[PDB]
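Peer 1: To start, I am sharing the structure in question, which I have written as structure tokens.
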Amino acid sequence: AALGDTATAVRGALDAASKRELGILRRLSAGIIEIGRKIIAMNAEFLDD
Amino acid sequence: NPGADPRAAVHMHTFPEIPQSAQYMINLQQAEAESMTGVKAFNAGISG
């Protein structure tokens, strides 16, 4: 909202949009972390020194 | 012939006039969709 009337009045809109995106980003990040932990566990023993 | 001036005797059809409500309705729907999703997409106009 407010696609250009004041430098500050446009900062809020992008701020809110990014803040909303952040939750989805965090969920996907958690999924990736879980995959990585499983991969580490498998590397622990299936792989040779 | 007299009694029939060309400005009324001849007529060249053109496109009709779009009423001022369709524009408003499209704008309303697009704004609602943008609010729902949360991504402005820099759209409904020039991508810039």
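Ordered as shown in the structure tokens, chains take letters A, B, and onward, while each chain numbers its residues from 1 and ligands are numbered from 1 in the order shown.
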For chain A, which residues have at least one atom within 9 Å of chain B, if we go by only C-alpha atoms? Write them as a PyMOL selection string, please.
Peer 2: chain A and resi 16-18+20-21
Peer 1: From a backbone DSSP assignment, name each residue in chain B labelled alpha helix (DSSP H), as a PyMOL selection string.
Peer 2: chain B and resi 6-9+20-37
Peer 1: Keeping only N, CA, C and O atoms, write the selected residues to a file as a PDB file, in the first residue's frame.
Peer 2:
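The resulting selection-v8.pdb:
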ATOM      1  N   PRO B   6     -25.156  15.779 -44.313  1.00  0.00           N
ATOM      2  CA  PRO B   6     -24.357  14.553 -44.200  1.00  0.00           C
ATOM      3  C   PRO B   6     -24.094  14.135 -42.773  1.00  0.00           C
ATOM      4  O   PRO B   6     -24.080  12.931 -42.488  1.00  0.00           O
ATOM      5  N   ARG B   7     -23.924  15.089 -41.860  1.00  0.00           N
ATOM      6  CA  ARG B   7     -23.568  14.749 -40.489  1.00  0.00           C
ATOM      7  C   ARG B   7     -24.621  13.883 -39.822  1.00  0.00           C
ATOM      8  O   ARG B   7     -24.324  13.224 -38.821  1.00  0.00           O
ATOM      9  N   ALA B   8     -25.844  13.867 -40.346  1.00  0.00           N
ATOM     10  CA  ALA B   8     -26.855  12.929 -39.897  1.00  0.00           C
ATOM     11  C   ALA B   8     -27.198  11.875 -40.933  1.00  0.00           C
ATOM     12  O   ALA B   8     -27.683  10.805 -40.563  1.00  0.00           O
ATOM     13  N   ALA B   9     -26.953  12.147 -42.215  1.00  0.00           N
ATOM     14  CA  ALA B   9     -27.322  11.194 -43.252  1.00  0.00           C
ATOM     15  C   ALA B   9     -26.376  10.006 -43.280  1.00  0.00           C
ATOM     16  O   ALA B   9     -26.810   8.871 -43.498  1.00  0.00           O
ATOM     17  N   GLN B  20     -17.777   2.818 -16.660  1.00  0.00           N
ATOM     18  CA  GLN B  20     -16.756   3.024 -15.645  1.00  0.00           C
ATOM     19  C   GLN B  20     -16.815   2.038 -14.529  1.00  0.00           C
ATOM     20  O   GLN B  20     -16.144   2.281 -13.526  1.00  0.00           O
ATOM     21  N   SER B  21     -17.566   0.944 -14.607  1.00  0.00           N
ATOM     22  CA  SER B  21     -17.667   0.019 -13.490  1.00  0.00           C
ATOM     23  C   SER B  21     -16.794  -1.212 -13.645  1.00  0.00           C
ATOM     24  O   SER B  21     -16.324  -1.755 -12.639  1.00  0.00           O
ATOM     25  N   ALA B  22     -16.574  -1.676 -14.874  1.00  0.00           N
ATOM     26  CA  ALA B  22     -15.739  -2.853 -15.067  1.00  0.00           C
ATOM     27  C   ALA B  22     -14.320  -2.601 -14.587  1.00  0.00           C
ATOM     28  O   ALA B  22     -13.700  -3.471 -13.960  1.00  0.00           O
ATOM     29  N   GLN B  23     -13.787  -1.416 -14.876  1.00  0.00           N
ATOM     30  CA  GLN B  23     -12.456  -1.070 -14.404  1.00  0.00           C
ATOM     31  C   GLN B  23     -12.380  -1.171 -12.892  1.00  0.00           C
ATOM     32  O   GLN B  23     -11.455  -1.784 -12.339  1.00  0.00           O
ATOM     33  N   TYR B  24     -13.360  -0.586 -12.208  1.00  0.00           N
ATOM     34  CA  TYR B  24     -13.363  -0.619 -10.756  1.00  0.00           C
ATOM     35  C   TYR B  24     -13.439  -2.041 -10.242  1.00  0.00           C
ATOM     36  O   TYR B  24     -12.758  -2.397  -9.276  1.00  0.00           O
ATOM     37  N   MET B  25     -14.273  -2.870 -10.863  1.00  0.00           N
ATOM     38  CA  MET B  25     -14.427  -4.226 -10.360  1.00  0.00           C
ATOM     39  C   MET B  25     -13.139  -5.018 -10.515  1.00  0.00           C
ATOM     40  O   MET B  25     -12.744  -5.759  -9.605  1.00  0.00           O
ATOM     41  N   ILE B  26     -12.470  -4.875 -11.657  1.00  0.00           N
ATOM     42  CA  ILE B  26     -11.206  -5.579 -11.841  1.00  0.00           C
ATOM     43  C   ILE B  26     -10.183  -5.107 -10.822  1.00  0.00           C
ATOM     44  O   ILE B  26      -9.457  -5.916 -10.226  1.00  0.00           O
ATOM     45  N   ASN B  27     -10.101  -3.794 -10.603  1.00  0.00           N
ATOM     46  CA  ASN B  27      -9.145  -3.294  -9.625  1.00  0.00           C
ATOM     47  C   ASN B  27      -9.438  -3.854  -8.245  1.00  0.00           C
ATOM     48  O   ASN B  27      -8.521  -4.248  -7.517  1.00  0.00           O
ATOM     49  N   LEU B  28     -10.714  -3.908  -7.874  1.00  0.00           N
ATOM     50  CA  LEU B  28     -11.084  -4.427  -6.566  1.00  0.00           C
ATOM     51  C   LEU B  28     -10.665  -5.881  -6.416  1.00  0.00           C
ATOM     52  O   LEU B  28     -10.075  -6.269  -5.400  1.00  0.00           O
ATOM     53  N   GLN B  29     -10.958  -6.700  -7.422  1.00  0.00           N
ATOM     54  CA  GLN B  29     -10.609  -8.113  -7.325  1.00  0.00           C
ATOM     55  C   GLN B  29      -9.103  -8.305  -7.228  1.00  0.00           C
ATOM     56  O   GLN B  29      -8.618  -9.106  -6.417  1.00  0.00           O
ATOM     57  N   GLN B  30      -8.341  -7.577  -8.043  1.00  0.00           N
ATOM     58  CA  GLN B  30      -6.893  -7.735  -8.007  1.00  0.00           C
ATOM     59  C   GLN B  30      -6.325  -7.301  -6.665  1.00  0.00           C
ATOM     60  O   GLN B  30      -5.442  -7.968  -6.111  1.00  0.00           O
ATOM     61  N   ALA B  31      -6.814  -6.185  -6.127  1.00  0.00           N
ATOM     62  CA  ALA B  31      -6.329  -5.731  -4.831  1.00  0.00           C
ATOM     63  C   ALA B  31      -6.643  -6.748  -3.749  1.00  0.00           C
ATOM     64  O   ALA B  31      -5.815  -7.006  -2.868  1.00  0.00           O
ATOM     65  N   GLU B  32      -7.837  -7.336  -3.794  1.00  0.00           N
ATOM     66  CA  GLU B  32      -8.181  -8.346  -2.803  1.00  0.00           C
ATOM     67  C   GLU B  32      -7.255  -9.548  -2.896  1.00  0.00           C
ATOM     68  O   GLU B  32      -6.808 -10.077  -1.873  1.00  0.00           O
ATOM     69  N   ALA B  33      -6.958 -10.000  -4.114  1.00  0.00           N
ATOM     70  CA  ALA B  33      -6.063 -11.144  -4.262  1.00  0.00           C
ATOM     71  C   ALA B  33      -4.672 -10.829  -3.729  1.00  0.00           C
ATOM     72  O   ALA B  33      -4.049 -11.661  -3.053  1.00  0.00           O
ATOM     73  N   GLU B  34      -4.165  -9.636  -4.034  1.00  0.00           N
ATOM     74  CA  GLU B  34      -2.848  -9.253  -3.544  1.00  0.00           C
ATOM     75  C   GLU B  34      -2.824  -9.206  -2.026  1.00  0.00           C
ATOM     76  O   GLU B  34      -1.870  -9.673  -1.399  1.00  0.00           O
ATOM     77  N   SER B  35      -3.871  -8.653  -1.419  1.00  0.00           N
ATOM     78  CA  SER B  35      -3.931  -8.621   0.035  1.00  0.00           C
ATOM     79  C   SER B  35      -3.967 -10.023   0.618  1.00  0.00           C
ATOM     80  O   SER B  35      -3.315 -10.300   1.629  1.00  0.00           O
ATOM     81  N   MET B  36      -4.739 -10.917   0.006  1.00  0.00           N
ATOM     82  CA  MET B  36      -4.839 -12.274   0.527  1.00  0.00           C
ATOM     83  C   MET B  36      -3.489 -12.971   0.504  1.00  0.00           C
ATOM     84  O   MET B  36      -3.037 -13.505   1.520  1.00  0.00           O
ATOM     85  N   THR B  37      -2.825 -12.971  -0.651  1.00  0.00           N
ATOM     86  CA  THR B  37      -1.573 -13.714  -0.760  1.00  0.00           C
ATOM     87  C   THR B  37      -0.463 -13.055   0.041  1.00  0.00           C
ATOM     88  O   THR B  37       0.252 -13.723   0.792  1.00  0.00           O
TER      89      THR B  37
END
Peer 1: Taking into account only C-alpha atoms, which residue in the set A:45, A:30, A:14, A:24 is nearest to residue 1 (chain A)?
Peer 2: A:14
